[PDB]
Engineer: 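A single structure is presented below for examination.
Within every chain, numbering begins at 1; the chains are lettered A, B, ... in the order of the sequence lines, protein sequences first and strands thereafter. Worth knowing before you read on, the calculation uses all heavy atoms, side chains too, and leaves out hydrogens, waters and symmetry mates.
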Amino acid sequence: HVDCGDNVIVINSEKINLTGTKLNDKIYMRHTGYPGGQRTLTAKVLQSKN
Amino acid sequence: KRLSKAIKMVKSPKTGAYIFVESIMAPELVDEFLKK
Amino acid sequence: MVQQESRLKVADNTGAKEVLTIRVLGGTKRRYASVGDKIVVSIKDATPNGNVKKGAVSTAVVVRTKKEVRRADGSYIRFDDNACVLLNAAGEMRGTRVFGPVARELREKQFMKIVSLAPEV
Amino acid sequence: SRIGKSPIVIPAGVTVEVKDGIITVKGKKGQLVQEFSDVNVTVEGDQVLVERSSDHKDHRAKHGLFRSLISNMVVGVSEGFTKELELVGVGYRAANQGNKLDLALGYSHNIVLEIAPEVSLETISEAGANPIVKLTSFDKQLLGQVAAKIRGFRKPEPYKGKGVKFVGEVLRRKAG
Amino acid sequence: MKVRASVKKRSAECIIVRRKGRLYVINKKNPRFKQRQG
Amino acid sequence: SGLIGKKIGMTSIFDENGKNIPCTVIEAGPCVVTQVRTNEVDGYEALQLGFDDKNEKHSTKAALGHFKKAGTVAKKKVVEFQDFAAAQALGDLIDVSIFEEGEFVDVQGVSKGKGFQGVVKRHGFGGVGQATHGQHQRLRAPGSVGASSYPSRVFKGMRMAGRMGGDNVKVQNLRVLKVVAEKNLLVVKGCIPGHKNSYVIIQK
RNA sequence: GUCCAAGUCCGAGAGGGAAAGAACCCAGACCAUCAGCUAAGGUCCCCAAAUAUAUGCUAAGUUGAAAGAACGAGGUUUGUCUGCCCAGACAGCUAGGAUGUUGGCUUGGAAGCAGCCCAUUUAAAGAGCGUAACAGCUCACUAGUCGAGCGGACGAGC
RNA sequence: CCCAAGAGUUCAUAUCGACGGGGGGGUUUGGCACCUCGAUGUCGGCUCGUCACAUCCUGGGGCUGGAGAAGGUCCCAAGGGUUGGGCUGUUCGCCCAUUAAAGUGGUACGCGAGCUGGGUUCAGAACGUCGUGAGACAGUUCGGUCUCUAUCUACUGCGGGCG
């Protein structure tokens, strides 16, 4: 129940890799709340920005 | 009159191959679209 | 501004006096038809001698409207009655006479046959 | 395997060097580079030995693939490949202004193409016969791509036969 | 090109190939024998 | 490539080849460059323009100090433009001359507020039925706002009654007619959002 | 779903597991304890415990919960049988591919190809496209080239 | 979707395809009777929309028994659009005139604390038929009260407090 632990600083996140064709076949769902507002991203598009 | 389609190739920096970029222009304006 | 279920006066010697509008050609859900617009009409008077019968379905063009219509130069034309001239199966007028004046907007739409035998334009 | 276990003996006059993944070939017509990943290629001085490590349904094909690619690059930069297109039809015209082709087909316009400086371009439209365009280059892949994007301007119809086709290369025809 | 659940060579010159994990039957001389979906 | 003006009125002129053309007068007074934001301290290239000068009584000490680093003094309307045509420094003035005769502009203005408006006047709904065939009290009602137990909630974005009001609207390529520079005129063709004597942003 | 028979459970039953489920798997709650060993099920994190060891398969994110067809396929691993093979195996390239004879019957026309019924020279020659019938192309087969594997049948796993 | 006897001048698969077989969906009529009879208001129409693609138009292609233009069939694709009237309470349907087109369906056969009550199941009356009779009809016709001041959440707008 206490906030123990350390603070982690990942310093090479731009150089991470996925094993299979997950960089091209991984989808992230970002539904907004409006009718018909289910947006789908990709692991390749998401790493192009931040 | 009549337009002229100018298709010029270029070494794209996204890959390194030879792509194709065409555009409808004047028959006397194809010289300025092939030198670039 | 002539729409469906609108009674017009036929202005030519084709043999009809009053007509009723059925459709305003020129697109989906077209509301009105000013001068120069094509409409589908049904004859309802059919003068005794005549050349057309009562109950037939034909096509016509609006020649005179009671609604003030605007030109490009900024002027307006407003007649006193809604009139129309019947047309052939193709783009041609049936008849050889036109009663009363016509609108100049009927000239930009290649209705030379209708505009070249009217009293005033 | 069978096509990869063959020598790639060089027509002396062209050199081949290997780098950290990149193989370069320098002849009399410019350098050509290629990237190999899962094959071991060694240049002895006369022959080029390309071999594989495992037989896992992928290296067994990459062996022959890279062997054929190196052989093509050699039989290219050494000698070079060439192809011929032929415009068939009435009113079709072809002209050359250097590295710039001008085609006049049955379209409502003309097509000018600024072919890359790595491909030659000659034309023969002497009197009445079909105009023959001829391309020549050391890169067979780029040569074929240019020929394909020239042929795609007008596909050969099956009824008459008019279209940008190669010399020879009989077409499928119908009655109509 | 027809889409069938069971492709088979409709002639002797047809070729069964696999594009992007999908079976195709190609016949360049007779193009009416093209099928897919395996 | 950008200016501030004030909507004067609206009239109609005649083209050199016949037809009449409605037009709107925009007293696009000489704007002054207040602050040039570069790509090294802020993160993007732009510059602020001030339009109408204020007094030394209504103005703030902060505004006085901000405009003291410039020429003319605290302005009524300050708006930041981007992607100009000529590289200019602080204190410069742009009167009207950035526009030509025959070009297109993208005037932007704040519309006039209508207040709390119903659905019929705000979104364009039409009635619930006729006026006399049994109609009781729903002549201007919205009707239904959803379906039954599925989804058992009103979807977000349902068009209902609210304050119509006036927001910022662009007019999308009005054609310029007169660009008189002695008296800042900028006579363009078309309408402009907002009442008279209202500030407008003319983007070239 | 409904009506019987042989058992168990819920009914009248707490606790643990499958994410949440009256019946499914384990297991029958006298209390209290900041004690230990186990059942089903699990040991990367949410969330207790193996980023444990040994062997092989899968490239589909199949799968990591349950549950799928007739019918296709040159995906891959593996067992047996099985023919062709340095007197030259399959594919590719080049050339030949005849004679009696245009076999007989029928047909205006049937000549290897609308329909029915051996011999000679050889390194070898058989009484699909198309032509009104011929013609011609191709195939069955053989000769030279490089020189090492080329294939089928029955299963089993994913 | 699988097999293909045929039909297609000859040619099973341009197009259609019998005799048979294997599945997907839960929009029709059903089977069961599992929550509601100390009340889950039922057909049609209006307003408001939203979703799926099993696509009507617009968009991109393959084949053709595709000379061109018009076609037939199949594949990918849901951004927008998808008319007005006569008859009937009608859904549906037929017809008239247009349009690029006049899509198929789900949401308690969407939506009655949003509207109408034209139909259906209230009390009156009459016809045909059954019953001796009181009375009844998936037979027809005329008339016939649709209650409630929005607490919580869900939406459309506008403010105060604090950070």
Engineer: When you match A/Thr19 and E/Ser6 each to their closest nucleotide on RNA chain G, which lands nearer the 5' end?
Structural biologist: A/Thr19
Engineer: Please tell me which of the listed nucleotides, H/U64, H/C48, G/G149, lies nearest to the side chain of F/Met158?
Structural biologist: H/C48
Engineer: Mind telling me the pucker class of H/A78, north or south, from the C1'-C2'-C3'-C4' torsion?
Structural biologist: south
Engineer: Under the side chain to side chain contact (heavy atoms under 4.5 Å, CB included) rule, what do C/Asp12 and C/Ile114 come out as? Steps first, then yes or no, please.
Structural biologist: CA-CA 10 Å; C/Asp12 55 349; C/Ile114 306 181; over 6 Å; no
Engineer: Anti or syn, where syn is a glycosidic angle within 90° of 0; which label fits H/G68?
Structural biologist: anti
Engineer: Please confirm whether any donor atom in the side chain of A/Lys26 sits under 3.5 Å from an acceptor in the base of G/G61, or the reverse.
Structural biologist: no
Engineer: Kindly say whether H/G79 and H/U58 qualify as a Watson-Crick or G-U pair under the rule that both distances are below 3.5 angstrom.
Structural biologist: yes
Engineer: Starting from P on H/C46, measure out to CZ on F/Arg138 and report it in whole angstrom.
Structural biologist: 19 Å
Engineer: Searching all strands shown, indicate the nucleotide that pairs with G/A153 (Watson-Crick or G-U wobble; both distances under 3.5 Å).
Structural biologist: G/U80
Engineer: Counting only side-chain heavy atoms from C-beta out, which of H/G157, H/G65, H/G110 sits nearest to E/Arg32?
Structural biologist: H/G65
Engineer: Establish whether the base of H/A101 is bridged to the side chain of C/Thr28 by a donor-acceptor pair shorter than 3.5 Å.
Structural biologist: yes
Engineer: Roughly, in whole Å, what's the span from CG in E/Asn30 to P in G/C129?
Structural biologist: 13 Å
Engineer: Does a Watson-Crick or G-U wobble pair link H/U104 to H/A52, with each of the two distances under 3.5 Å?
Structural biologist: yes
Engineer: Whether D/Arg151 and D/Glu169 form a salt bridge (side-chain N of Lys/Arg under 4.0 Å from carboxylate O of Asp/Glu) is what I want to check.
Structural biologist: yes
Engineer: Closest approach to the side chain of F/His136, judged atom by atom: which nucleotide of H/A97, H/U64, H/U116 is it?
Structural biologist: H/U116
Engineer: If we call a positive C1'-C2'-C3'-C4' torsion north and a negative one south, what is the sugar of H/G133?
Structural biologist: north
Engineer: H/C16 and H/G6, Watson-Crick or G-U wobble pair at under 3.5 Å for both distances?
Structural biologist: yes
Engineer: Round to the nearest Å and state the distance from E/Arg22 atom CZ to G/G72 atom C1'.
Structural biologist: 15 Å
Engineer: Can you tell me the distance, in whole Å, between the CZ atom of F/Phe125 and the P atom of H/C111?
Structural biologist: 19 Å
Engineer: Since syn is defined as within 90° of 0, does G/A22 count as syn or as anti?
Structural biologist: anti
Engineer: Are G/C150 and G/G83 a pair by Watson-Crick or G-U wobble criteria, both distances short of 3.5 Å?
Structural biologist: yes
Engineer: Quick one: CD on F/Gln172 to CD on F/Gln108, what's the gap to the nearest 0.5 Å?
Structural biologist: 10.5 Å
Engineer: State the syn/anti category of G/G151 according to its glycosidic angle, syn meaning within 90° of 0.
Structural biologist: anti
Engineer: How many Å lie between CZ on F/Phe155 and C1' on H/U107, as a whole number?
Structural biologist: 9 Å
Engineer: So, north or south for the sugar of G/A6, given that a negative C1'-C2'-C3'-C4' angle means south?
Structural biologist: north
Engineer: Of the listed nucleotides (H/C76, H/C2, H/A14), which one gets closest to any side-chain atom of E/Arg36?
Structural biologist: H/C76
Engineer: Among the nucleotides G/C71, H/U98, H/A154, which one has an atom lying closest to any side-chain atom of F/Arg153?
Structural biologist: H/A154
Engineer: Looking at G/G75 opposite G/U51, are both of their pairing distances below 3.5 Å, so that they form a Watson-Crick or G-U wobble pair?
Structural biologist: no
Engineer: Syn or anti for H/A14, taking syn as within 90° of 0?
Structural biologist: anti
Engineer: Is it the case that the base of H/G106 and the side chain of F/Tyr150 share a donor-acceptor contact (distance under 3.5 Å, atom types as modelled)?
Structural biologist: no
Engineer: From H/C3, H/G65, H/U98, pick the nucleotide closest to the side chain of C/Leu25?
Structural biologist: H/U98
Engineer: Side-chain N or O of C/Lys29 less than 4.0 angstrom from OP1 or OP2 on H/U82?
Structural biologist: yes
Engineer: Which one, G/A70, G/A73, G/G61, comes nearest to the side chain of E/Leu23?
Structural biologist: G/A73
Engineer: Considering only distance and modelled atom types, tabulate donor-acceptor pairs under 3.5 Å from the side chains of residues 139-153 of chain F, sequence neighbours left out.
Structural biologist:
{"from": "F/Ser152", "atom 1": "OG", "to": "F/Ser149", "atom 2": "O", "distance (Å)": "2.7"}

Engineer: Please pick, from H/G84, H/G110, H/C74, the nucleotide with the shortest atom-to-atom distance to any side-chain atom of C/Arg23.
Structural biologist: H/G84
Engineer: Nearest to the side chain of D/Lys57, heavy atoms from C-beta on, is which of G/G75, H/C46, H/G85?
Structural biologist: G/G75
Engineer: Could you check whether H/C127 pairs with H/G139 (Watson-Crick or G-U wobble, each of the two distances under 3.5 Å)?
Structural biologist: yes
Engineer: Can you confirm whether G/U33 and G/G109 pair in Watson-Crick or G-U wobble fashion, both distances under 3.5 Å?
Structural biologist: no
Engineer: Which residue, E/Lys8 or D/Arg2, contacts RNA chain G at a nucleotide closer to its 5' end, judged by nearest heavy atom?
Structural biologist: E/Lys8
Engineer: Just confirming the chi classification of G/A73, syn or anti, using 90° around 0 as the syn window.
Structural biologist: anti
Engineer: Counting only heavy atoms not in F/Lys121, do more than 12 sit closer than 6.0 Å to its NZ atom?
Structural biologist: no
Engineer: Counting heavy atoms from C-beta on, name the nucleotide in H/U107, H/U156, H/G66 closest to the side chain of D/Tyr159.
Structural biologist: H/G66
Engineer: Please look at the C1'-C2'-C3'-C4' dihedral of G/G61 and say whether its sugar is north or south.
Structural biologist: south
